[PDB]
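Here you get one chain, nothing else, as structure tokens; it is the form deposited in one PDB entry.
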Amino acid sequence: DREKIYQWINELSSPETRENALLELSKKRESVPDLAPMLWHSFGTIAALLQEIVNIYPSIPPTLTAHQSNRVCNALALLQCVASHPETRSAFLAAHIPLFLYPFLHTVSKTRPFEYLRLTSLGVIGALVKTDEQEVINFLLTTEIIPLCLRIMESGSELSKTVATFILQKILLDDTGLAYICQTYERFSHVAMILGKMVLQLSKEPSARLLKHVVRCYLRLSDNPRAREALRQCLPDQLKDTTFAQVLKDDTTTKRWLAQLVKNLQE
């Protein structure tokens, strides 16, 4: 067991064997809880995973194929293991490794290879914020991810919309993130304008998981005094009538969050 794993890890550092090792290790990442520190502390291994990432950049005139996307997403999945493990997450963050994925998030092509690439990249950021440490939000605030999230929230695939809104929610929920987002009208209104478009979209094609995150974001913004005052005027009307009444029967948490939002705007 642990022998065949160390052999695959060693085989990541040669182009002759890397592709097969990426496929095999990504399949076992859940059955190996110490896979992340094994990767991080193995000579040459992180550089080899990053080489898979950088080798995709020339495919960004967008020409990424399904095969290229699947291979690099296997490397991304191993990086996500490192992102989330308690023994490696801090060093991973301090090494700025998520920055290598931002060229992927900047793509707009709608082909299936690029959608899967962005979704998987977003998953790596999702793994970080799910650990709930304040170092993570600081990294996101100082790397300009917020515009990337907002644009994906605006026009991404339904799955990418959800992860990106989830990431913004985690930024908002942090006291420093909320203050950062509300620091200027320009920052606040970039967020509020995208949320309002998403509300309109949701009123025509339901998505309960996306609706919950959007409501949560509005509710958290209303904790900030100036955001609260602006939202009292710009809150989409579909959040105040019965547009979402039907679809919110199951979502008792979200139905409650919306009620709290509507009240907060009045106080």
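Only the largest set of C-alpha atoms that superpose within 1.5 Å between the two forms is called the rigid core. Residues carry their position along the shown sequence, with the first being 1.
Asker: Please pick 51-59 or 36-44, whichever has its Cα atoms farther from the shown form in 8 other deposited structures of this protein after a rigid core fit.
Answerer: When 51-59 and 36-44 are compared in 8 other deposited structures of this protein, the bigger C-alpha shift is seen for 36-44.
Asker: Taking C-alpha RMS after core alignment, which stretch differs more from the shown form in 8 other deposited structures of this protein: 216-224, or 24-32?
Answerer: If we average over structures and residues in 8 other deposited structures of this protein, the farther stretch is 24-32.
Asker: So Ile60 and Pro61 are neighbours in the shown sequence, but is anything from the deposited sequence left out between them? Give the count as none, 1 to 3, 4 to 9, or 10 or more.
Answerer: Unresolved stretch here: 1 to 3 residues.
Asker: For the stretches 12-20 and 249-257, which has the higher mean C-alpha B-factor as given in the deposited record?
Answerer: Looking at the recorded C-alpha B-factors, 249-257 comes out higher on average.
Asker: Looking at the deposited entry, does 92-100 or 135-143 carry the larger mean Cα B-factor?
Answerer: It is 135-143 that shows the higher mean C-alpha B-factor.
Asker: Whose C-alpha has the highest temperature factor in the PDB entry: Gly44, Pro37, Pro206, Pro225?
Answerer: Comparing C-alpha B-factors across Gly44, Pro37, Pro206, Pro225, the maximum falls on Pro206.
Asker: Of the choices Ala48, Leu202, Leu231, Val54, which one's C-alpha carries the largest B-factor in the record?
Answerer: Highest CA B-factor of the listed options: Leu202.
Asker: Based on the deposited C-alpha B factors for this chain, I'd like to know if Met193 is in the lowest, middle or highest third.
Answerer: Middle third of the chain for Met193's C-alpha B-factor.
Asker: Considering only modelled residues of the same chain, in which third does the CA B-factor of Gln238 rank: lowest, middle or highest?
Answerer: Highest third of the chain for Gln238's C-alpha B-factor.
Asker: Tell me, lowest, middle or highest third: where does the Cα B factor of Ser31 rank within its chain?
Answerer: Top third by C-alpha B-factor.
Asker: Split into thirds by Cα B-factor across the chain's modelled residues, where does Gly177 land: lowest, middle or highest?
Answerer: Answer is lowest: the recorded C-alpha B-factor places it there.
Asker: Among the modelled residues of this chain, does the Cα B factor of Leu128 put it in the lowest, middle or highest third?
Answerer: It falls in the middle third of the chain.
The form solved in complex with a partner chain is left out here; the points below concern that form.
Asker: Residue-level contact is defined here as any heavy atom of the residue lying within 4.5 Å of the partner chain in the entry with it bound; does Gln233 satisfy this criterion?
Answerer: It does not: once the partner chain is placed as it appears in the entry with it bound, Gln233 has no heavy atom within 4.5 Å of it.
Asker: Verify the contact flag for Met193: yes if a non-hydrogen atom of it lies within 4.5 Å of a non-hydrogen atom of the partner chain in the entry with it bound, no if not.
Answerer: Judged by the heavy-atom cut-off of 4.5 Å, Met193 is well away from the partner chain in the entry with it bound.
Asker: Under a 4.5 Å heavy atom criterion, is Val163 part of the interface with the partner chain in the entry with it bound?
Answerer: Close contact exists here: in the entry with it bound, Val163 approaches the partner chain to within 4.5 Å, heavy atoms only.
Asker: Indicate whether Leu150 is a 4.5 Å heavy atom neighbour of the partner chain in the entry with it bound.
Answerer: Flag for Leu150 set to no.
Asker: Look at the candidate spot formed by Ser69, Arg112 and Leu159 and say whether the partner chain comes within 4.5 Å of a heavy atom in all three of them in the entry with it bound.
Answerer: Checking in the entry with it bound: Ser69, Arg112 and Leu159 are all within 4.5 Å of the partner chain.
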